[PDB]
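J.: Please find one structure pasted underneath; my questions will follow.
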Amino acid sequence: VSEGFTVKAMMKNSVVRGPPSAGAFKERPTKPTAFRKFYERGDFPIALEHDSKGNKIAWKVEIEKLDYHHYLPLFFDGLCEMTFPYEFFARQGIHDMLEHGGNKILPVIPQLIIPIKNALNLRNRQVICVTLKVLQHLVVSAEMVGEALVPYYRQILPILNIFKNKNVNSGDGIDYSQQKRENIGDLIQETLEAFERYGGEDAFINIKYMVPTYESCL
Amino acid sequence: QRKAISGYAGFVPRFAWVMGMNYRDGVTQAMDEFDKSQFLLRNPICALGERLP
Amino acid sequence: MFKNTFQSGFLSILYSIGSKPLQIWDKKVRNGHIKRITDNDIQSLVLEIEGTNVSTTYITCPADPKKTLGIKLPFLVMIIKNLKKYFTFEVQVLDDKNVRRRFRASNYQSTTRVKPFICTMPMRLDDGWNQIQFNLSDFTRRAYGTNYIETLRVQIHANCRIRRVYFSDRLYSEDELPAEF
Amino acid sequence: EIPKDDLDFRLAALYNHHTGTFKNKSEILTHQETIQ
Amino acid sequence: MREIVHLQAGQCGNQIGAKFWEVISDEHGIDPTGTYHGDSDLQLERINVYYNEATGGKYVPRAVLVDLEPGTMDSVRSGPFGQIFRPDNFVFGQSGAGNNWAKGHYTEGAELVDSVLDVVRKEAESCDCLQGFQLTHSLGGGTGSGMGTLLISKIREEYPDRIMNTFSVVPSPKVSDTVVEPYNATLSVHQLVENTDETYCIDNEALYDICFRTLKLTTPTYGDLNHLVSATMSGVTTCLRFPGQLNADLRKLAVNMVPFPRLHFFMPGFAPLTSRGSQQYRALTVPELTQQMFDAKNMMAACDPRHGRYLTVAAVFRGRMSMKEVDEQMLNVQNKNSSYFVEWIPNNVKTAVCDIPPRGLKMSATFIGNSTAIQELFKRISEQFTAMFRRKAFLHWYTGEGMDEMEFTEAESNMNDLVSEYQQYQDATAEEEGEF
Amino acid sequence: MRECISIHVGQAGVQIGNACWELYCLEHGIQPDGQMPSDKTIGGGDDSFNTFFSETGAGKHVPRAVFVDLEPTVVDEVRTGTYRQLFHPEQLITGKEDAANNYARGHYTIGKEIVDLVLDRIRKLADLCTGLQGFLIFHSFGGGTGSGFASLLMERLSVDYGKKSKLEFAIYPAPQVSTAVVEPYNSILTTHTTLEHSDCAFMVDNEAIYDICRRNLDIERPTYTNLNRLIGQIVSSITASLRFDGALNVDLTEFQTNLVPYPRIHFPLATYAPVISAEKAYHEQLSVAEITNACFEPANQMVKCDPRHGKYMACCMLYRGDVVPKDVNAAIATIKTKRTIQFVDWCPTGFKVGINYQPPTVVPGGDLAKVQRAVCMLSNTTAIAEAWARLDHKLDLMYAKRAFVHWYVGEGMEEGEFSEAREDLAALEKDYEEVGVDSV
Ligand SMILES: Nc1nc2c(ncn2[C@@H]2O[C@H](COP(=O)(O)OP(=O)(O)OP(=O)(O)O)[C@@H](O)[C@H]2O)c(=O)[nH]1
Ligand SMILES: Nc1nc2c(ncn2[C@@H]2O[C@H](COP(=O)(O)OP(=O)(O)O)[C@@H](O)[C@H]2O)c(=O)[nH]1
Ligand SMILES: [Mg+2]
């Protein structure tokens, strides 16, 4: 065997080893988050009721009046939880408070970038799919928001550049699992599509500065 | 820089004081002033207050 | 092939509905992918080929590299979804001069240039779903000096969604065309 | 056979000029009959 | 007519720059008085790249010296070649940087950035055309890190189509000199990655290792490390100053070595480095140069190149040498060390040759290497930073000067963003289906 | 009434032209100050130097050359060298900023403010010329200015002069060898213009000349000058029928209708037969019968492609020196029966041979030896199709992740100008495959 740039590799069938295969595309170990710590405490005003038509999160408080500056970053940091009765609470809380509630998302937007990067930086596919779906909902759920995210494209899109090459190669066989949008390449391309649709005329050069393989419409 | 013809991108020393001539005589005067300066600087011929105009 | 076929008013040569749509079609994939997808616009299956380099991933009409198909029908219709990306196609045409000539249209071209074997004209698409009505006989009569007898292959490149590539004789406007096309 | 020097260089040599890099005078005109 | 404006910041940058001027003044035959009495023909040719000619026959460097402490400019003045600079370009504060990025950047850099910006305006406007700027500093100190990168940011906003050259001394892994250097390095890198086009990372530990193992020096002072840095910082501008059979200036290397707009951190090196007795018993050939060029011991940064794949390699040669020899050497080195090079780039080596060798050396080469080995230095800085920042170790010297807690946790975010892209481009193959 | 205009763009073009013009000066009696001596004279007439030089009243000869680069670093040695009094100083055109290996820079950003001067100088050189049919440009296919500024220069000259012939002499990038990283992009982009505006584009690799200097010449570790001298001998072979009377003289337009079958298949190879050193030339009679076979050797081609994976179209073989028509008749008849050298079925003639009477000249301080007979072969073959599939592979290896593209988007050029040229090279490969089929 060999080692590298030495006289070891100067031989006649010197077999050279290779690089140590650095930390890309591998799931990083997780860490406990603030969502579980604040939830076992019990300060959240939420309760889980099991309706017949699916699990629905029940709110014991008027959802219109709530400190979004204290609750929305706390729910966004809960996306890093893979344990089953917590990921529903994080996902459904983000979706319900983004949909029920307007003209309060904007001042919270500079505070929810670090939890978004934390959720995306864990290289697990399910959490990445979920945060991409809630980002697609976030950029459309209100006005004046998409071109408020455009300075923060340098902190979301770096890991969106990783998984743009993940589709099924079955040339004639249909991908049956289409309803559960679990493949990440199309989800990333639709997230970038929504970042271009809402975000004004400065978004294209930022997406090109982050994701170089990008193709623009309009 | 002595044998340089017309349009020439090199640095000819003492050239941005030559006044109203072409490139060739400008180079000649520039290199002559340069050689005069070096020779008067090292070899001590001129007395005090006599080595500059 | 397609020498003993009847070659009536139309001839379907691709369809997204069936067991093996790309049976007679070759499939090269490099930095790309090919898959069948239910569309949310027409509520039916479409083909789906795309990749970073449009030229590396494509599909060619006869499977064998040296085998050539013979289609008498002059027209060419393609129901292709516009994705605002780089999409090219290319045909090969036989003439009375008995030489093989190639016409290529690309989304990124802006000039119409004429060469003895290639003719690269541009092509513009609309917003959503549309059919590119091609006329091989007139494009051989106008740009070149000869006529049209057979077309030998078609080649569909990346960044597009394919459904029902077919030839025809006359431009069926909207009503004499059957509902399945 | 080889009724010329051109055929000795041309046919039976295994050298691929498009592929082989920085070969000396002897690694061009190596034949198949040398190997087997 | 392609001229570069030189700047040096801080106590480390000033010594590095002073050794650099000492090196290139003897390259062009300039006396310590500022007068030319060299011997070679080609010395006075492209001296307008770095110098200006004054009335009476002098040659002044295009150097702007910035400091925050006044006692470090007279050390530079009282050096061997400290009397060639203009006194007008000597900008300096009165209150020290205190090893604070805050005082270098916000509240003691703000009153002196104007004066140095006017001086660098005066220097970079007498030229007919301008190619770029040079800045020598270190990412560990106070005014070497808070002021120099602010100056880079304020110069980039006025000259956006010109190159920028930063030659930084990043803090070493196991050699510690100041307590607070992880904070300075993390605050400095995140804006040294969006404000300059070419950056060279030189570690003091790797320089010490070279001086111990390669040079066999008994007692290496701080002059020898600066001589090592100047031997490779002046090899990237020898194509501008001397004719060659295949020339390559700063922008040529900027285009060739940078695949994507952020990965512009490079690892320097020098090829014909030899000991005091082994110099005389040595044969100097291109296959001899290549082994000392490519080995891990000669790397000026403490990142092992065997720990990652090379992205793009530059090798500027100096000396009257053949071209097929250099050609076949790079071809062999790539061909059978094939797993250490990026496989979606076909050729990763740029070759340049110059006809004027360094004095006393009959053949030399300099190495510029963009590798994914540099991802471990940034992770090391982040690890040395997170331990202090987890318990808020020394923040009252910074936050009490006036910052917000988020200004420190965004530097780590940009550090991690820099690391992840290097990891991705290390693991990326030619086809995009094998990593999953 | 015959002349040629030489435009050497890029550092490679200018360094090639240095050896070329020293060769042309030695081919006549012209001292490097530009004046013929009166102490002694060579046997020359006024019809010899008309192709490449111009005459003043006093007796000074001036080349029909323009030396243009965006750098100074290659042109001031022409201004300060031995051949500094030969050139008119306005021909030596020197820019300020570099091309930085960018087709974008030399095509849009820096070449656009210098093209109005070189075009005006070309115009001023083409009005002193009675006849027409010149324009012999020299560039490399890997650099920035030699691929960007040459493309724009040919673009302007095609609409400024209409027909002429843009003779183009490429240094095409070697298969396993390149001294830059962004060479495939530049080569594809300059091929997109050379493929439609040059009338027959000559092809030369540096690696094959390295091999030829390695084996035929016995030299070890060659430099660029040895490559440039052999390239200059090849170019002097082409214009040998324009300055010296021979048995079968070939005009520049004569072999364009002979070599080029189709409007795109105009990339011929080269071969120079008696390239042997001084210690080897005097020990063998280099007769026509074996220097003819030296042209068809697989290892003597200066483009890295075996002719054995292709079929020849036409060959333009320009002999010079002690050559008789029956000798080349027997030499061509020898080759036509060998079953390895394959020809297409639609070219039963297959050859074109011209005979000159002037032997090639030596350069004092050179490497070749004085031979009486020399052959330059111009093969148009299908074998060059394999040299562009590798360029396709090298382009798709990097473009598929859009590496280095943003340095080209930054100067004027839109993103699809890469795909626009890659589709043209793919069409070229398909044309080469289509033309090479047999006829059933
Ligand atoms: N065969 C041969 N090739 C040369 C010679 N000089 C330079 N080259 C080629 O030039 C290529 C590098 O690009 P250049 O043409 O020199 O660059 P340029 O046109 O001056 O553009 P810049 O890089 O911006 O300076 C290399 O691949 C060499 O093959 C030469 O003397 N002979
Ligand atoms: N190469 C080199 N490094 C030095 C020298 N002097 C100090 N340093 C390094 O510079 C670092 C301190 O940077 P500093 O001078 O405080 O930067 P400043 O605060 O901006 O002036 C230390 O870690 C030293 O290792 C020198 O003479 N040469
Ligand atoms: Mg150049």
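Starting from 1 in every chain, residues are counted up; chains themselves are A, B, ... following the order of the structure tokens, and ligands are numbered from 1 as listed.
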For ligand 3, collect every residue having any atom at a distance of at most 12 Å from a ligand atom (counting only C-alpha atoms and all ligand atoms); output as an mmCIF file with N, CA and C atoms, in the first residue's frame.
T.:
```
data_model
loop_
_atom_site.group_PDB
_atom_site.id
_atom_site.type_symbol
_atom_site.label_atom_id
_atom_site.label_comp_id
_atom_site.auth_asym_id
_atom_site.auth_seq_id
_atom_site.Cartn_x
_atom_site.Cartn_y
_atom_site.Cartn_z
ATOM 1 N N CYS E 239 5.690 36.913 -12.740
ATOM 2 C CA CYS E 239 5.270 36.974 -14.134
ATOM 3 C C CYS E 239 5.012 38.410 -14.569
ATOM 4 N N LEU E 240 4.577 39.266 -13.643
ATOM 5 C CA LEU E 240 4.414 40.680 -13.958
ATOM 6 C C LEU E 240 5.754 41.381 -14.131
ATOM 7 N N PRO E 243 9.923 38.573 -17.900
ATOM 8 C CA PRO E 243 9.360 37.801 -19.008
ATOM 9 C C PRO E 243 9.591 36.311 -18.833
ATOM 10 N N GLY E 244 8.623 35.534 -19.315
ATOM 11 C CA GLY E 244 8.704 34.093 -19.232
ATOM 12 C C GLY E 244 8.191 33.452 -20.505
ATOM 13 N N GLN E 245 8.510 32.166 -20.652
ATOM 14 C CA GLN E 245 8.041 31.408 -21.802
ATOM 15 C C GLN E 245 6.565 31.052 -21.703
ATOM 16 N N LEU E 246 5.981 31.122 -20.507
ATOM 17 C CA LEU E 246 4.541 30.941 -20.336
ATOM 18 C C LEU E 246 4.142 31.746 -19.101
ATOM 19 N N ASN E 247 3.592 32.934 -19.327
ATOM 20 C CA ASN E 247 3.322 33.882 -18.259
ATOM 21 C C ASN E 247 1.926 33.680 -17.676
ATOM 22 N N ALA E 248 1.773 34.087 -16.414
ATOM 23 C CA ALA E 248 0.493 33.975 -15.718
ATOM 24 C C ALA E 248 0.476 34.990 -14.582
ATOM 25 N N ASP E 249 -0.308 36.055 -14.738
ATOM 26 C CA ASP E 249 -0.392 37.103 -13.729
ATOM 27 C C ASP E 249 -1.388 36.715 -12.632
ATOM 28 N N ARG E 251 -4.635 37.710 -12.054
ATOM 29 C CA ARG E 251 -6.001 37.379 -12.443
ATOM 30 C C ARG E 251 -6.074 36.051 -13.187
ATOM 31 N N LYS E 252 -4.993 35.653 -13.867
ATOM 32 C CA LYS E 252 -4.982 34.377 -14.579
ATOM 33 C C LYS E 252 -5.118 33.243 -13.571
ATOM 34 N N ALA E 352 3.312 27.627 -14.943
ATOM 35 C CA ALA E 352 3.891 28.876 -15.415
ATOM 36 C C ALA E 352 5.397 28.833 -15.211
ATOM 37 N N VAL F 9 -1.935 36.565 -32.991
ATOM 38 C CA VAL F 9 -2.604 36.962 -31.762
ATOM 39 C C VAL F 9 -2.226 35.976 -30.666
ATOM 40 N N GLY F 10 -2.192 36.475 -29.439
ATOM 41 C CA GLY F 10 -1.837 35.660 -28.302
ATOM 42 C C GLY F 10 -0.335 35.488 -28.150
ATOM 43 N N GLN F 11 0.058 35.087 -26.939
ATOM 44 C CA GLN F 11 1.466 34.838 -26.651
ATOM 45 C C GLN F 11 2.000 33.674 -27.477
ATOM 46 N N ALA F 12 1.198 32.614 -27.622
ATOM 47 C CA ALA F 12 1.586 31.480 -28.455
ATOM 48 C C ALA F 12 1.748 31.891 -29.912
ATOM 49 N N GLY F 13 0.820 32.706 -30.421
ATOM 50 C CA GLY F 13 0.915 33.158 -31.799
ATOM 51 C C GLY F 13 2.127 34.035 -32.052
ATOM 52 N N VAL F 14 2.428 34.943 -31.120
ATOM 53 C CA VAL F 14 3.577 35.829 -31.292
ATOM 54 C C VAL F 14 4.888 35.048 -31.187
ATOM 55 N N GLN F 15 4.968 34.101 -30.247
ATOM 56 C CA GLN F 15 6.192 33.316 -30.116
ATOM 57 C C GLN F 15 6.377 32.353 -31.283
ATOM 58 N N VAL F 68 -0.249 41.427 -32.244
ATOM 59 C CA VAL F 68 -1.199 42.019 -31.307
ATOM 60 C C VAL F 68 -1.438 41.069 -30.135
ATOM 61 N N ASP F 69 -1.302 41.594 -28.916
ATOM 62 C CA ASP F 69 -1.658 40.874 -27.702
ATOM 63 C C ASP F 69 -2.113 41.932 -26.704
ATOM 64 N N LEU F 70 -2.966 41.506 -25.775
ATOM 65 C CA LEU F 70 -3.415 42.340 -24.670
ATOM 66 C C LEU F 70 -2.361 42.499 -23.582
ATOM 67 N N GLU F 71 -1.308 41.678 -23.589
ATOM 68 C CA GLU F 71 -0.187 41.810 -22.673
ATOM 69 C C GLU F 71 0.905 42.643 -23.313
ATOM 70 N N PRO F 72 1.768 43.253 -22.520
ATOM 71 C CA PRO F 72 3.051 43.688 -23.074
ATOM 72 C C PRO F 72 4.052 42.545 -23.104
ATOM 73 N N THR F 73 3.964 41.636 -22.123
ATOM 74 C CA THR F 73 5.073 40.768 -21.720
ATOM 75 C C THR F 73 5.626 39.873 -22.827
ATOM 76 N N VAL F 74 4.970 39.788 -23.983
ATOM 77 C CA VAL F 74 5.509 39.031 -25.103
ATOM 78 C C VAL F 74 5.946 39.938 -26.257
ATOM 79 N N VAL F 75 5.530 41.204 -26.279
ATOM 80 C CA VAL F 75 5.774 42.046 -27.445
ATOM 81 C C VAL F 75 7.012 42.928 -27.262
ATOM 82 N N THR F 94 0.089 46.538 -28.528
ATOM 83 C CA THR F 94 0.225 46.096 -27.148
ATOM 84 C C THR F 94 -0.908 46.680 -26.316
ATOM 85 N N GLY F 95 -1.617 45.816 -25.591
ATOM 86 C CA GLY F 95 -2.703 46.234 -24.731
ATOM 87 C C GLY F 95 -2.231 46.584 -23.332
ATOM 88 N N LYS F 96 -3.197 46.682 -22.421
ATOM 89 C CA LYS F 96 -2.912 47.047 -21.040
ATOM 90 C C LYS F 96 -3.255 45.952 -20.048
ATOM 91 N N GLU F 97 -4.489 45.470 -20.060
ATOM 92 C CA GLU F 97 -4.945 44.468 -19.113
ATOM 93 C C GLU F 97 -5.022 43.110 -19.797
ATOM 94 N N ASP F 98 -5.074 42.069 -18.979
ATOM 95 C CA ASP F 98 -4.935 40.706 -19.456
ATOM 96 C C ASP F 98 -6.285 40.098 -19.820
ATOM 97 N N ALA F 99 -6.230 38.976 -20.534
ATOM 98 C CA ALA F 99 -7.431 38.218 -20.849
ATOM 99 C C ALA F 99 -7.827 37.258 -19.736
ATOM 100 N N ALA F 100 -6.870 36.866 -18.885
ATOM 101 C CA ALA F 100 -7.099 36.017 -17.708
ATOM 102 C C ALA F 100 -7.749 34.683 -18.072
ATOM 103 N N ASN F 101 -7.304 34.093 -19.191
ATOM 104 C CA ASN F 101 -7.819 32.818 -19.711
ATOM 105 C C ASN F 101 -9.325 32.832 -19.928
ATOM 106 N N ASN F 102 -9.881 33.984 -20.270
ATOM 107 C CA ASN F 102 -11.317 34.117 -20.444
ATOM 108 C C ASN F 102 -11.613 34.387 -21.910
ATOM 109 N N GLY F 106 -11.641 38.549 -23.519
ATOM 110 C CA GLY F 106 -11.096 38.904 -24.813
ATOM 111 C C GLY F 106 -12.109 39.009 -25.929
ATOM 112 N N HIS F 139 -2.976 31.299 -33.797
ATOM 113 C CA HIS F 139 -3.357 31.394 -32.395
ATOM 114 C C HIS F 139 -3.394 30.006 -31.775
ATOM 115 N N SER F 140 -3.582 29.983 -30.461
ATOM 116 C CA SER F 140 -3.743 28.764 -29.690
ATOM 117 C C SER F 140 -5.192 28.633 -29.243
ATOM 118 N N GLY F 142 -6.293 27.396 -26.371
ATOM 119 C CA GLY F 142 -6.433 27.197 -24.942
ATOM 120 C C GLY F 142 -6.452 28.465 -24.115
ATOM 121 N N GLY F 143 -5.832 29.527 -24.618
ATOM 122 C CA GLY F 143 -5.686 30.754 -23.865
ATOM 123 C C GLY F 143 -6.962 31.572 -23.820
ATOM 124 N N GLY F 144 -6.811 32.813 -23.367
ATOM 125 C CA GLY F 144 -7.925 33.737 -23.332
ATOM 126 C C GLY F 144 -7.981 34.659 -24.530
ATOM 127 N N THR F 145 -6.870 35.342 -24.822
ATOM 128 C CA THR F 145 -6.862 36.281 -25.938
ATOM 129 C C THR F 145 -6.776 35.565 -27.281
ATOM 130 N N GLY F 146 -6.030 34.459 -27.354
ATOM 131 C CA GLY F 146 -5.913 33.714 -28.594
ATOM 132 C C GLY F 146 -7.175 32.979 -28.983
ATOM 133 N N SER F 147 -8.102 32.806 -28.042
ATOM 134 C CA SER F 147 -9.394 32.205 -28.324
ATOM 135 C C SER F 147 -10.537 33.206 -28.338
ATOM 136 N N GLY F 148 -10.403 34.331 -27.638
ATOM 137 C CA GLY F 148 -11.453 35.327 -27.606
ATOM 138 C C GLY F 148 -11.280 36.425 -28.630
ATOM 139 N N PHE F 149 -10.098 37.041 -28.651
ATOM 140 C CA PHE F 149 -9.864 38.143 -29.571
ATOM 141 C C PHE F 149 -9.725 37.660 -31.007
ATOM 142 N N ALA F 180 -3.395 24.667 -18.434
ATOM 143 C CA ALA F 180 -4.418 25.490 -17.811
ATOM 144 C C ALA F 180 -5.557 24.586 -17.363
#
```
J.: As a VMD selection string, please: the residues near residue 206 in chain A (cut-off 9 Å, only C-alpha atoms, same-chain neighbours under 2 positions excluded).
T.: chain A and resid 150 to 151 153 to 154 202 to 204 208 to 211
J.: Restrict the selected residues to N, CA, C and O atoms and save them as a PDB file, in the first residue's frame.
T.:
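Saved to result-v6.pdb:
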```
ATOM      1  N   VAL A 150     -34.394  37.485   1.389  1.00  0.00           N
ATOM      2  CA  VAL A 150     -33.317  37.488   0.397  1.00  0.00           C
ATOM      3  C   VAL A 150     -31.927  37.876   0.915  1.00  0.00           C
ATOM      4  O   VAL A 150     -30.947  37.452   0.288  1.00  0.00           O
ATOM      5  N   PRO A 151     -31.730  38.653   2.000  1.00  0.00           N
ATOM      6  CA  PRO A 151     -30.364  38.732   2.544  1.00  0.00           C
ATOM      7  C   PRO A 151     -29.922  37.462   3.242  1.00  0.00           C
ATOM      8  O   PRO A 151     -28.713  37.239   3.380  1.00  0.00           O
ATOM      9  N   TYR A 153     -30.351  34.372   2.191  1.00  0.00           N
ATOM     10  CA  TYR A 153     -30.184  33.241   1.285  1.00  0.00           C
ATOM     11  C   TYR A 153     -28.819  32.585   1.427  1.00  0.00           C
ATOM     12  O   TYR A 153     -28.658  31.426   1.033  1.00  0.00           O
ATOM     13  N   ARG A 154     -27.838  33.293   1.982  1.00  0.00           N
ATOM     14  CA  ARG A 154     -26.517  32.731   2.220  1.00  0.00           C
ATOM     15  C   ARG A 154     -26.476  31.815   3.434  1.00  0.00           C
ATOM     16  O   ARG A 154     -25.433  31.208   3.695  1.00  0.00           O
ATOM     17  N   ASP A 202     -33.998  40.877  -6.978  1.00  0.00           N
ATOM     18  CA  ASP A 202     -32.662  40.631  -6.459  1.00  0.00           C
ATOM     19  C   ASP A 202     -32.435  39.181  -6.055  1.00  0.00           C
ATOM     20  O   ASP A 202     -31.305  38.824  -5.701  1.00  0.00           O
ATOM     21  N   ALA A 203     -33.468  38.338  -6.114  1.00  0.00           N
ATOM     22  CA  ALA A 203     -33.348  36.974  -5.607  1.00  0.00           C
ATOM     23  C   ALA A 203     -32.541  36.081  -6.540  1.00  0.00           C
ATOM     24  O   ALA A 203     -31.872  35.149  -6.073  1.00  0.00           O
ATOM     25  N   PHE A 204     -32.598  36.345  -7.850  1.00  0.00           N
ATOM     26  CA  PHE A 204     -31.959  35.468  -8.830  1.00  0.00           C
ATOM     27  C   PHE A 204     -30.444  35.449  -8.660  1.00  0.00           C
ATOM     28  O   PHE A 204     -29.822  34.381  -8.686  1.00  0.00           O
ATOM     29  N   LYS A 208     -28.139  32.271  -7.592  1.00  0.00           N
ATOM     30  CA  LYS A 208     -26.995  31.895  -8.420  1.00  0.00           C
ATOM     31  C   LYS A 208     -25.697  31.920  -7.623  1.00  0.00           C
ATOM     32  O   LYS A 208     -24.818  31.075  -7.827  1.00  0.00           O
ATOM     33  N   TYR A 209     -25.555  32.891  -6.717  1.00  0.00           N
ATOM     34  CA  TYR A 209     -24.393  32.942  -5.841  1.00  0.00           C
ATOM     35  C   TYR A 209     -24.355  31.773  -4.869  1.00  0.00           C
ATOM     36  O   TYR A 209     -23.268  31.395  -4.420  1.00  0.00           O
ATOM     37  N   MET A 210     -25.507  31.192  -4.533  1.00  0.00           N
ATOM     38  CA  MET A 210     -25.531  30.043  -3.635  1.00  0.00           C
ATOM     39  C   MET A 210     -25.602  28.719  -4.391  1.00  0.00           C
ATOM     40  O   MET A 210     -24.730  27.861  -4.223  1.00  0.00           O
ATOM     41  N   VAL A 211     -26.626  28.533  -5.219  1.00  0.00           N
ATOM     42  CA  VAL A 211     -26.797  27.311  -5.999  1.00  0.00           C
ATOM     43  C   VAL A 211     -26.375  27.619  -7.435  1.00  0.00           C
ATOM     44  O   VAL A 211     -27.114  28.316  -8.150  1.00  0.00           O
TER      45      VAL A 211
END
```
J.: For ligand 2, collect every residue having any atom at a distance of at most 6 Å from a ligand atom (counting only C-alpha atoms and all ligand atoms); output as a list in words.
T.: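 Listing the residues within 6 Å of ligand 2 gives residues 10, 11, 12, 15, 99, 138, 140, 141, 142, 143, 144, 145, 177, 222, 225 and 226 of chain E.
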J.: Among range 98-147 of chain C, which ones does DSSP assign to strand (DSSP E) (computed from the backbone)? Answer as a VMD selection string.
T.: chain C and resid 100 to 106 113 to 114 119 to 122 129 to 131 134 to 135
J.: Write a file of the just-selected residues containing N, CA, C and O atoms, as a compact mmCIF listing (two decimals), in the first residue's frame.
T.:
```txt
# COMPACT_ATOMS: atom_id res chain seq x y z
N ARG C 100 -28.93 12.33 -45.99
CA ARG C 100 -29.56 12.45 -44.68
C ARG C 100 -29.26 13.84 -44.13
O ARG C 100 -28.09 14.22 -44.00
N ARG C 101 -30.30 14.60 -43.82
CA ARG C 101 -30.17 15.97 -43.35
C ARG C 101 -30.90 16.14 -42.03
O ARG C 101 -31.93 15.51 -41.78
N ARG C 102 -30.35 17.00 -41.17
CA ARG C 102 -30.75 17.09 -39.78
C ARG C 102 -31.20 18.50 -39.44
O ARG C 102 -30.52 19.47 -39.80
N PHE C 103 -32.34 18.62 -38.77
CA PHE C 103 -32.87 19.90 -38.31
C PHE C 103 -32.94 19.89 -36.79
O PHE C 103 -33.50 18.96 -36.21
N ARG C 104 -32.38 20.92 -36.16
CA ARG C 104 -32.31 20.98 -34.71
C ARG C 104 -32.83 22.33 -34.23
O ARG C 104 -32.39 23.37 -34.72
N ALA C 105 -33.76 22.30 -33.28
CA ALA C 105 -34.28 23.51 -32.65
C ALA C 105 -33.95 23.49 -31.17
O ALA C 105 -34.20 22.49 -30.49
N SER C 106 -33.40 24.59 -30.69
CA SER C 106 -33.00 24.71 -29.30
C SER C 106 -33.59 25.97 -28.69
O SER C 106 -33.77 26.98 -29.38
N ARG C 113 -29.45 29.53 -38.90
CA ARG C 113 -28.27 29.30 -39.71
C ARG C 113 -28.44 28.04 -40.54
O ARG C 113 -29.00 27.04 -40.07
N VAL C 114 -27.97 28.08 -41.79
CA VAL C 114 -28.16 27.01 -42.75
C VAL C 114 -26.81 26.40 -43.08
O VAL C 114 -25.87 27.11 -43.44
N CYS C 119 -29.40 22.54 -39.68
CA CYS C 119 -30.12 23.80 -39.85
C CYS C 119 -30.65 24.15 -38.46
O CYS C 119 -31.64 23.56 -38.01
N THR C 120 -29.96 25.05 -37.77
CA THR C 120 -30.28 25.34 -36.37
C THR C 120 -31.19 26.56 -36.32
O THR C 120 -30.73 27.70 -36.26
N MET C 121 -32.50 26.32 -36.32
CA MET C 121 -33.41 27.43 -36.09
C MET C 121 -33.80 27.51 -34.62
O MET C 121 -33.73 26.52 -33.89
N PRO C 122 -34.20 28.69 -34.14
CA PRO C 122 -34.68 28.80 -32.76
C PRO C 122 -36.09 28.23 -32.61
O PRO C 122 -36.75 27.85 -33.58
N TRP C 129 -49.01 24.14 -21.34
CA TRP C 129 -49.09 23.01 -22.25
C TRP C 129 -49.38 23.49 -23.67
O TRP C 129 -50.25 24.35 -23.88
N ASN C 130 -48.65 22.93 -24.63
CA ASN C 130 -48.78 23.34 -26.02
C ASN C 130 -48.21 22.25 -26.91
O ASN C 130 -47.45 21.38 -26.45
N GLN C 131 -48.57 22.30 -28.18
CA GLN C 131 -48.11 21.34 -29.18
C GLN C 131 -47.29 22.06 -30.23
O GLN C 131 -47.77 23.04 -30.83
N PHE C 134 -44.84 21.02 -36.34
CA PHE C 134 -43.71 21.05 -37.26
C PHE C 134 -44.15 20.59 -38.65
O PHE C 134 -45.03 19.73 -38.79
N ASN C 135 -43.53 21.17 -39.67
CA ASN C 135 -43.81 20.83 -41.07
C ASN C 135 -42.47 20.49 -41.72
O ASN C 135 -41.72 21.39 -42.10
```
J.: Do you know which residues are at most 6 Å from range 286-296 of chain F counting only C-alpha atoms, after dropping those on the same chain fewer than 4 positions away, and could you put them as a list in words?
T.: residues 271, 273 and 331 of chain F
J.: Set the cut-off to 12 Å and count only C-alpha atoms: what are the residues of chain F that reach chain A? Output as a list in words.
T.: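 On the chain F side, the interface is residues 398, 399, 400, 401, 402, 403, 404, 405, 406, 407, 409, 410, 415 and 416 of chain F.
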